[PDB]
Amino acid sequence: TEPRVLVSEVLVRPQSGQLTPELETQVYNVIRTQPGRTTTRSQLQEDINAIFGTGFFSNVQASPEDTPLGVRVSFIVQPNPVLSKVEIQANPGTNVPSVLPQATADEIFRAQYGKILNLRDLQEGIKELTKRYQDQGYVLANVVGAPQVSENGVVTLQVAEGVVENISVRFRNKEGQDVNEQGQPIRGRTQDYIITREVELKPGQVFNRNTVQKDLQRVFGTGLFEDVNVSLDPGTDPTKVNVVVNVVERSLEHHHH
């Protein structure tokens, strides 16, 4: 149980600078603190979050001051700067450049340029971005952390694109298992090299499922296996991935059909 108090007045102020009439309105749309209604700290916290959630602010505060008619609650808000540009920072810190053209950030975010940074609109664009990656089969591609915002108005998106750390080969049976029905570990009559030399993917490249599927087709093209697929594990470095090429060796019966 926490104290409940009657609200006297509500005001909305800039923390610093001035506050456009439009932002002021944004704040009054989403708050529920109201002259004549009681509030508690919890309800003020809910209003602060509603304010953040509009997307236009970098800090938000509620300062209440006691008066004979009740508390006068001031929401003190700091608007976001205007968006100069959205910068994409690929595969940090690794020498792997973006697998993506540089006109991409600007292609996606520009219609937002020269205006107050709205984290709602930013995220709708990050959504278009991650879709560029996937459309090109970079299926692991992923914005990491939260967007960093400069006084200048420059958003830095970190993107972990799917850098591969290790590739290995694992033999199973048709059933999916890696021990035989007597508990012995399955291993290969085929040397690892016969598989990996058919695979273009290497540690240090960004995982691409179209490229990797072609690799799998090419391993399969050797005639040596019944099944070929790839599976992924998170890396020792968790930004990265480990790739496993899983292979079911061809039975003498399978060669006969």
Side-chain angles (χ1 to χ4, degrees), residues 85-112 122-148 155-174 176 178 186 188 190-250:
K85 68 166 14 268
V86 177
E87 217 181 43
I88 290 176
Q89 210 259 226
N91 318 301
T94 60
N95 315 330
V96 193
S98 187
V99 190
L100 231 51
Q102 204 141 325
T104 314
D106 305 350
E107 268 158 50
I108 277 162
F109 293 100
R110 71 161 54 95
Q112 284 174 49
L122 196 67
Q123 275 291 153
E124 216 55 33
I126 285 186
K127 209 193 143 166
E128 248 147 336
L129 174 59
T130 72
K131 200 205 170 223
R132 295 314 180 62
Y133 281 103
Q134 290 153 24
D135 277 351
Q136 292 219 64
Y138 297 99
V139 286
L140 287 169
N142 201 234
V143 183
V144 149
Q148 269 24 228
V155 182
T156 312
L157 302 180
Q158 308 249 253
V159 181
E161 284 172 331
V163 170
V164 183
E165 188 173 294
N166 274 288
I167 299 180
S168 60
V169 180
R170 156 138 275 187
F171 294 85
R172 308 175 184 292
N173 63 36
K174 307 228 304 203
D178 37 45
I186 305 296
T190 316
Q191 289 71 31
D192 281 10
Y193 173 77
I194 280 133
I195 283 109
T196 68
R197 73 179 189 154
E198 300 300 339
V199 172
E200 269 161 354
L201 186 74
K202 296 281 158 8
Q205 311 184 342
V206 176
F207 181 85
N208 181 296
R209 86 175 154 171
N210 292 336
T211 282
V212 153
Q213 266 163 20
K214 174 60 161 173
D215 287 351
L216 296 172
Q217 269 176 36
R218 182 175 325 92
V219 163
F220 195 76
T222 62
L224 278 17
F225 319 95
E226 278 185 57
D227 190 56
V228 184
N229 76 52
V230 61
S231 75
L232 306 174
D233 291 303
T236 231
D237 186 337
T239 32
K240 306 181 168 183
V241 63
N242 286 345
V243 173
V244 174
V245 183
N246 302 297
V247 153
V248 179
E249 261 177 330
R250 196 114 100 105

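In what follows, residues are counted from 1 in the order of the sequence shown. Computed from heavy atoms alone, side chains included, the values below leave out hydrogens, waters and symmetry copies.
Within the 4.5 Å cutoff, the side chain of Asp227 has no heavy atoms near those of the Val247 side chain. Contact check for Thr156 versus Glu87: side-chain heavy atoms found under the 4.5 Å cut-off. Proximity of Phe225 to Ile195: side-chain heavy atoms (C-beta onward) are separated by under 4.5 Å at one or more points. Taking the side chain as every heavy atom from C-beta outward, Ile108 and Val86 never approach each other to under 4.5 Å.
By the neighbour-count criterion of 12 heavy atoms within 6.0 Å, atom CD of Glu107 is densely surrounded, having more than that number from other residues, nucleotides or ligands. Residue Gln102 places its CD atom among 12 or fewer non-hydrogen atoms of other residues, nucleotides or ligands, all under 6.0 Å distant.
How far CD1 of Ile167 is from CG of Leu201: 4.0 Å, rounded to the nearest 0.5 Å. For the atom pair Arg132 CZ and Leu100 CG, the distance stands at 8.0 Å (nearest 0.5 Å). To the nearest 0.5 Å, atoms CG (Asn229) and CG (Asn246) are separated by 4.5 Å. Residue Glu124 holds its CD atom at 10.5 Å from CD1 of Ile126, rounded to the nearest 0.5 Å. Atom CD in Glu128 sits 8.0 Å away from atom CZ in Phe109 (nearest 0.5 Å).
Nearest approach of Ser98 to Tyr133, heavy atoms of both residues: OG-OH, 3.8 Å. The heavy-atom pair separating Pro97 from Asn91 by the smallest distance is O-ND2, 3.4 Å. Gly235 and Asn242 get closest at one heavy-atom pair: CA-OD1, 4.1 Å. For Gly162 against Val241, the heavy-atom pair with the smallest separation is O-CG1, 4.0 Å.
A salt bridge (charged side-chain N to carboxylate O under 4.0 Å, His left out) check over residues 202-226, counting only residues at least two apart or in different chains, returns the pairs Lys174-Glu226, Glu200-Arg218, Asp215-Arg218.
Partner of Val99 under the side-chain contact (heavy atoms from CB on, under 4.5 Å) criterion, chosen from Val206, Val163, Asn208: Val206.
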With a cut-off of 3.5 Å and sequence neighbours excluded, list every side-chain donor-acceptor pair involving residues 134-146.
{"from": "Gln134", "atom 1": "NE2", "to": "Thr130", "atom 2": "O", "distance (Å)": "3.3"}
{"from": "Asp135", "atom 1": "OD2", "to": "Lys131", "atom 2": "NZ", "distance (Å)": "3.3"}

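Take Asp178 and apply the salt bridge (charged side-chain N to carboxylate O under 4.0 Å, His left out) test, not counting sequence neighbours, and it matches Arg170, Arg172.
With hydrogens and angles disregarded, a donor-acceptor distance shorter than 3.5 Å links the side chain of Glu165 to the backbone of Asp237.
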Original post:
Between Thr211 and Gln205, is a side chain to side chain contact (heavy atoms under 4.5 Å, CB included) present by the stated rule, with each step listed?
Top reply: CA-CA 11 Å; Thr211 282; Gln205 311 184 342; 5.6 Å; no

